[PDB]
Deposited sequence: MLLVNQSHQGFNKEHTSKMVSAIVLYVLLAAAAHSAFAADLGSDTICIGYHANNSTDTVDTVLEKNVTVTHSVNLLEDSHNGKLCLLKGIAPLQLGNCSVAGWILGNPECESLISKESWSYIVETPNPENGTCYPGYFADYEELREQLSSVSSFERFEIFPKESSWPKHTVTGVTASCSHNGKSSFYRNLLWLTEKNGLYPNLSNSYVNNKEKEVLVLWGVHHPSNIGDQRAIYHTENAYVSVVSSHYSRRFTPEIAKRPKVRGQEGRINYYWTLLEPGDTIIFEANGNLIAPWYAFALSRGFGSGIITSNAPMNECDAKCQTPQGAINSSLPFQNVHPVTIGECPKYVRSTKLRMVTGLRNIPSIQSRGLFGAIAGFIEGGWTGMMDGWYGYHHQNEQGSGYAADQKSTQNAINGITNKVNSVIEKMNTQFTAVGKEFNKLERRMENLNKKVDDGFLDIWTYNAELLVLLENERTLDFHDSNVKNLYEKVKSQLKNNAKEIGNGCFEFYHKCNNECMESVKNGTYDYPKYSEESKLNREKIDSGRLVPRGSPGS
């Protein structure tokens, strides 16, 4: 009859008459839609360039609901002014469950900061040849040759978590600290109900990254509903302009992919392409979004149906989803990166041996129950 073959416990390559292939190994190499809701496509932007509101990532400001976030590997435009990002990899874990925004102003410019000027632009964040700055942050400078102290509160009326973002400037000279902020011993104190931190600038000459020898360290927090955050500074404050009322979702995530964007409909999605199948398992990628087959590190997995010519128990028990690309951890987190890669590769090898042995067990019981009735009849 046919030429399909199965593998068994003792013998392999058994020529049989019928088989069901439990592996979907193919995919359309594009980023199709998830149900009808289009994903978020950062393009040449980082996660850090998207929430800080890079001047070259203005086309993503308008989009506030998505199916998943698509980041490109080695993304060029993000954090245009050089500096640290305090708990950047922790914030990507927060934004891997957020399914909706509400980009609003906490401290509205032209009404919120009197006695200061909000026109602070840098040549590292230049947009269309002219120097610009972030779309969600304000660089406060002097007004009438004076930088007085500031104070602003914000009570969370939004009935949701509010992600507040700010930054502290770290200059390169002491003649530049006096020229902008007119004080040499400055501070930033951002307090809340369950948050309190005080920042102090560090004036030092750095290697030139994007042309600047000074740094801006970016910070964040998560306001609770009904809670108050109080900003207070003597200088060196890159002040919050916009923020986000966070709406949490269950099926979402950040994938890293170079696939072209198409207009499809799908049910599953991997960084190599979407999957349209009803088969139980897959070989494409462990990182899936949507209702998807289960990942096994196999190439040949068939269950025999008929005689030879001379599985829900595993799918119910996997229940784990892998999100690791290599962007999840830090320079100074390698004992936790090697622990995450031990756990992820350990569950991908237990559940591959479990799925293969159940096929090997069911193949010998099928071939001898079929060869039971040949001698009854």
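K.L.:
What ranges of the deposited sequence are left out of this structure?
P.N.:
Going by the record, the segments left unmodelled (no C-alpha atoms) fall at 1-53, 364-420, 488-555.
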